Amino acid sequence: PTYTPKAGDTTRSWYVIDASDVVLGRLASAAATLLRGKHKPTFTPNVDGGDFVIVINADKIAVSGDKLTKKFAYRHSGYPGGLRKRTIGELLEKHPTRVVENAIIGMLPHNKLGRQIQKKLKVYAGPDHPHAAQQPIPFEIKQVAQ
Amino acid sequence: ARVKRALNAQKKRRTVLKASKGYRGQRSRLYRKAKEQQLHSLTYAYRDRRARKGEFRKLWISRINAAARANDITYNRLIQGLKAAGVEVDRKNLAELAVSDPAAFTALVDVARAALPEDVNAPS
Amino acid sequence: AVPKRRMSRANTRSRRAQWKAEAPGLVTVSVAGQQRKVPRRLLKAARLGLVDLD
Amino acid sequence: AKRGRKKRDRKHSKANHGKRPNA
Amino acid sequence: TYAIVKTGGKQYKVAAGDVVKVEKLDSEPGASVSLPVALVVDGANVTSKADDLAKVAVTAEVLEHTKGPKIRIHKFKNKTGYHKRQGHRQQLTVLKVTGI
RNA sequence: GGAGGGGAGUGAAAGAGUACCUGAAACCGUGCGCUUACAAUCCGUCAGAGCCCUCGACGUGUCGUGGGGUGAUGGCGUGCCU
RNA sequence: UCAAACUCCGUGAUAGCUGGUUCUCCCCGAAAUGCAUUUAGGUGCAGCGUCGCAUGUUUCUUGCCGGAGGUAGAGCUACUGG
RNA sequence: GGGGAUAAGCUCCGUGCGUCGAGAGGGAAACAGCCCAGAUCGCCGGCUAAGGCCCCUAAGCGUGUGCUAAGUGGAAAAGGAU
RNA sequence: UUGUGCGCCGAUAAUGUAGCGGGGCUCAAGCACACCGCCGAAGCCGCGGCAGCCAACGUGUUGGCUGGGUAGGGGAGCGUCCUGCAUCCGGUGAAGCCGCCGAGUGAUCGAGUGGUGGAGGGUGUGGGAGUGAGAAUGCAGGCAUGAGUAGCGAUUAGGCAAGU
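Chains as they are written, first to last, in PDB author numbering: chain K, 2 to 147; chain R, 2 to 125; chain b, 2 to 55; chain 3, 2 to 24; chain S, 3 to 102.
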């Protein structure tokens, strides 16, 4: 019958993306695709078999509209009146990694497997990374004609 | 004339409670609680028997599409092409090919490339 | 007040497993040529001949 | 107010075709 | 080396020896039966056109007729009083691909 | 200390001991295998990794027209009756 | 325990009222409307269901021909009124 | 169409109009009456409707020509405005 | 100055964003008009098994149509007890109970085998019913959760040595 990956089956890879003025949505959808594993033919939703992702120049992310300063990230401690919010600009100039992370985390399942996937997401505010000893494959986001 | 009722009940009790070895709590000990869960259980089995078809077909399609897109063609146009070419292989088996032998699948991809219309967005 | 439900097997046995006991930490004593095991709290009183050793 | 209006305006969706029960 | 047989309103990937279960065909345990084909593979290349595919046919041996798994149905609806019990085993016919 | 019990005995059998024909379920525990402490579960069902037991064809261990217990993880899913 | 004790008996009092009524499959399959009603939450008959016999397409649908209507609309020095 | 304020998920009538009742499944974020469609049982087979194809969610960050700068899209009036 | 297609302000509530389902989207993933494909249901088709109505034929075969279903009407059946009649097993171990392996479209079944156990049971045809319970703030007995928790019955108050 149909094929189901066993234990000694997975083959991993470390991909690396540039965020040089890429659109956040494109970038995040691509990363979600890769991490969840919708690009290999061995896909199975019960298994995590995607690929590690390394994002760089994440402080170069540029969005459209007034979303830099009219858009409001929110949180809530749980206490009363403990709703506190932030723009996107403030949040870049505080820590840029979180914008791209949360953007991607909303493009994944919020289940156990999703939590076990977020482990496979590494993001760095600069161009660099300590993960050169995996020789990361550059990914260039492309669109297939039909 | 007086008919004690013991046997005639014990029968179905034994049946049910044999069929609920794996359930967790009062669903695994007690007839009035396992009967209900048997109703729900057989029903959910029925429904899943009707729907695992769509489940597997979804799976097969995701595999096919990712394989193709790594060979730089979309799913929709692949199936347009095979329909045009009269090729008969179903999706379970296209997926099996994708897993095992990507070469043959790439050959089929190439067939569809050949057999598609020239101007796909034409008004024909 | 009064409970509302029949609190399950898991929870029941789980909390019930806190009602346990520990053993006193025992220590030898050379009680007149031979040896017996006694807590440390009572060691001197044993060596002086008060503890009822059965 | 709000609740009734959002009901009566969710009805103007596409998969309902302009109508819903209990408005 | 393998092929893809059509039968039962279904399809099955096969090669010689690969035992298979299908719907109830009409034969005796031990007899042989031929079958149509959709795809064939000799190594790397493919036979994918209908004329060649009608010219090729696979041959199989009926090992044994058989009965599938027992399937319990208890249709049910609530506040109503509607139970309906029912059961099923589907008849099968095990094939063994002799050659191609 | 005694209750009570272990041997030795009676007896066809003490899984017949004056709480005694048989001796169910709820219920109460002891061992053996799997599983469970980053997780939101009408408590199941469909797919299913992994481990453990078993039958059989073989070969120094090994897949199978298998079967059974557990079952990570994913999808679906709003108790029973009046 | 008292706006008329308690016990037995009549007595298995009676309730247009509430609840409850146990094994399986196969076929067909509703209604929530009308008149009346010390009557409006009940019931009787007609309505719609099925079973059996009888009558055989009489039912229904589409086309064509024949028939009355005073609705929408429009109209008013064509009446009654503004 | 009446009553009501030409308000009510209001109330009362009509209708070889519908569905629910007694009817699952798909879509509608969840949602008895809405749209599609009326479940003999099985299959790890195919084509379609309503709806939808950036990720979550299977399917198109589809083709062509123009508009939108308002996060309109993804509630709203009288009225105002190069 | 007319008519248009999208737009702006007016716009405004109380647990927490909160009038896209969320991320996010104008480098449209938004509106319109045409075009191409595709996904998608228990729908239709495809391969199989059962069933009801009718019809054709032959000593029960095939075919077409059909098969959601509550109140309810009709039809056909399993099971339990006692029995009339005929036969079968049974201290060389029945029943009953725990099972394992299997079966039936279902109520259910094992004259199929193991353990326990110790004397009645099965089969076919008919007869008759105290004839099938999951619910009645249902009855009787037994046992759980609460729980190894609250309490241990006053406002007088107990103690040390020795004793058996």
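Even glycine gets a Cβ: it sits at the ideal position worked out from N, Cα and C.
Residues of the region 66-83 of chain S with a C-beta atom less than 7 Å from some C-beta of chain R are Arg74, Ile75, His76, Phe78, listed in chain order. Residue environment for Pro42 (chain K): buried (at least 16 other C-beta atoms within 10 angstroms of its C-beta). In the structure shown, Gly89 (chain S) adopts extended strand secondary structure according to DSSP, grouped into three states.
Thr100 (chain S) and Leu109 (chain R) have their C-alpha atoms spaced approximately 27 Å apart.
A Cβ-Cβ distance of about 6 Å is found for the pair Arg85 (chain K) and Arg76 (chain K), placing them in contact under the 8 Å criterion.
With a minimum length of 4 residues, the unbroken runs of alpha helix (DSSP H) contained wholly in the region 5-71 of chain R fall at 7-19, 32-71.
Contact annotation, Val35 (chain S) with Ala5 (chain S): C-beta distance approximately 15 Å; criterion of less than 8 Å not satisfied. Taking a cut-off of 8 Å on C-beta distances, the region 43-55 of chain S does not touch the region 68-84 of chain S, as fewer than three cross pairs fall below it. For the pair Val124 (chain K) and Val56 (chain K), the CB atoms are nearer than the 8 Å cut-off.
As DSSP reads the structure, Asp44 (chain S) sits in a beta bridge with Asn47 (chain S). Annotation for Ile73 (chain S): the continuous beta strand (DSSP E) segment containing it runs 73-79. In the three-state reduction of the DSSP assignment, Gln117 (chain K) falls in the helix class. According to DSSP, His132 (chain K) shares a beta bridge with no other residue. The closest CA to that of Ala46 (chain R), considering only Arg87 (chain S), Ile73 (chain S), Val64 (chain S), is found on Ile73 (chain S). Judged by beta-carbon spacing, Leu55 (chain S) lies within the 8 Å limit of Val39 (chain S), meaning their Cβ atoms are closer than that value. Within the DSSP secondary-structure output, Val96 (chain S) pairs in a beta bridge with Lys23 (chain S), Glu66 (chain S). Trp20 (chain b) has no beta-bridge partner at all, per DSSP. In the structure shown, the three-state DSSP call for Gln13 (chain S) is strand. Leaving aside the five residues that flank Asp19 (chain K) on each side, the residues in its chain whose CB is nearer than 7 Å to its CB run, in chain order, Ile57, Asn58.
For chain K, the residues of the region 86-97 of chain R that bring a beta carbon within less than 9 Å of one of its beta carbons are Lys93, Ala96, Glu97, in chain order. Residues of the region 22-48 of chain S that bring their beta carbon within less than 8 Å of a beta carbon in chain R comprise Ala40, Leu41, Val43, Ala46, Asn47, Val48, in sequence order. Contact note: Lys86 (chain S) does not reach chain R at a C-beta cutoff of 7 Å; the least C-beta distance is about 11 Å. Look at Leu83 (chain R) here: in three-state DSSP terms it is helix. The continuous beta strand (DSSP E) containing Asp19 (chain K) extends over residues 15-19. In this structure, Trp61 (chain R) sits near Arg92 (chain R), with a CB-CB distance shorter than 8 Å. With a threshold of 16 other beta carbon atoms within 10 Å, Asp120 (chain R) falls short and is exposed. In this structure, the CA atom of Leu122 (chain K) is about 15 Å from the CA atom of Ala133 (chain K). Taken through DSSP and simplified to helix, strand or coil, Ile106 (chain K) comes out as helix. Between the C-alpha atoms of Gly51 (chain K) and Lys15 (chain S) there is a straight-line separation of about 28 Å.
A direct Cα-to-Cα measurement between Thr9 (chain S) and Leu37 (chain S) gives close to 7 Å. Taking a cut-off of 8 Å for Cβ pairs, the region 29-37 of chain K and the region 94-111 of chain K touch, as three or more such pairs fall below it. Closer than 8 Å to the CB of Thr43 (chain K) there is at least one CB belonging to chain R. When the five nearest sequence neighbours on each side are left out, the beta carbons in the same chain lying within less than 6 Å of the beta carbon of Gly115 (chain K) are those of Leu109, in order along the chain. Neighbours of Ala71 (chain R) across chain K, judged by C-beta separation under 7 Å: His40.
For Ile57 (chain K), DSSP records a beta bridge to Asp19 (chain K). One Cα belongs to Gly55 (chain R), the other to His40 (chain K), and the distance between them is close to 21 Å.
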